[PDB]
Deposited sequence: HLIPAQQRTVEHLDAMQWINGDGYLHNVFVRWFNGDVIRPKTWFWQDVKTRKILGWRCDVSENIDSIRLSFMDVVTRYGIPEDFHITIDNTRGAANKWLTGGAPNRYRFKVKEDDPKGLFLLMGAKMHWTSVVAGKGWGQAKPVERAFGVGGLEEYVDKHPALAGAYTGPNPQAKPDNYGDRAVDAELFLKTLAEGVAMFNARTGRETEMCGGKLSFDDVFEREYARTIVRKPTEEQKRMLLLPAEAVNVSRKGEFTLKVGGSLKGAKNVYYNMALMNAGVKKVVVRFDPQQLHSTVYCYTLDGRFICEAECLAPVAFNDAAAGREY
């Protein structure tokens, strides 16, 4: 069969060999999850964190569908043949962000998005080939040249440290630029690129020949993490004591609709990266109420 851009995406992980001082002050080795388009080899999204966990899988996917939309025939692969995604397929401590996070099921969420999940290197019934490229350079490993071995992180690079540790902000900027350069690099030796184009070129060309649908706000919000219900004061404000892997803070959120309505408790959906600005409030039974701004 024929393969469209975005029709089949591969999820892969990467344990970085660089010591980084994270937002909470701890010096750790970051782990990043990447979603890659199988046809063009373009990296479409990622999330990096202190450890391997489902949160990164779930949130990087959200980034991909928000940015490119959802194709009508969508295949997703997380090759756990040799148990390589095992640590990633594990919900972290329920209090990894200090405040407690509600236990839910991401698997259910993907299937609802209209994604056919696969746990092997191939898609049954289609002669599309394999998820991971045979050429290490066309996959996630090819990024070590642009990231882990970038001159700027050389002091913190350990290879396959409180004084050497580089800042989380510098590492994350370097990661984002390495991904950009990996995609834009021309002269790619693949069928689509013919030794001339970059992954970006072929992706832009083929993506324009694909039929995708944009995700609704609700869909996008269902991929956000659910925190255990917090109380709302009479003023329509509630608090989240942020911490764990994130920089400690006692965040207070607000929205008029919260007081001028009926609720005492509310379930908060959030993106760890946006905790500082906007979260989404839901009733204990799941009805969306409104979004709240960090005061």
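Absent C-alpha positions map to the deposited sequence ranges 1-10, 171-178, 314-327, in order along the chain.
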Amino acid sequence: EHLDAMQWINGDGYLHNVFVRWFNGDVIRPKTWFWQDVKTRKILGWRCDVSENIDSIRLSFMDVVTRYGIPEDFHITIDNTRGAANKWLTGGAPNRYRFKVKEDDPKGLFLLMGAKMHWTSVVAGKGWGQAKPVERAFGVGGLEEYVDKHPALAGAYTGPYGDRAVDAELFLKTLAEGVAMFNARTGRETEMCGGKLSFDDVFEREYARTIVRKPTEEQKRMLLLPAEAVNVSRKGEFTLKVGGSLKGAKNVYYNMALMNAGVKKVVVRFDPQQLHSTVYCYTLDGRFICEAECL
From here on, numbers count along this sequence of modelled residues.
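The mean C-alpha temperature factor is higher for 248-256 when 248-256 and 55-63 are set side by side. Across the two stretches, 141-149 and 116-124, the PDB entry reports the greater mean Cα temperature factor for 116-124.
Of the candidates 95, 90, 183, 77, it is 90 whose Cα B-factor is highest according to the PDB record. Annotation for 100, 188, 107, 173: 107 ranks highest, by Cα B-factor. Ranked by Cα temperature factor within the chain, residue 233 sits in the highest third according to the deposited record. Per the deposited record, the Cα B-factor of residue 224 falls in the lowest third when ranked against the other modelled residues of its chain.
Among all modelled residues in its chain, residue 155 ranks in the middle third by Cα B-factor. Among the modelled residues of the chain, residue 178 sits in the lowest third by CA temperature factor in this PDB entry. Sorting the modelled residues of the chain by their CA temperature factor places residue 274 in the middle third.
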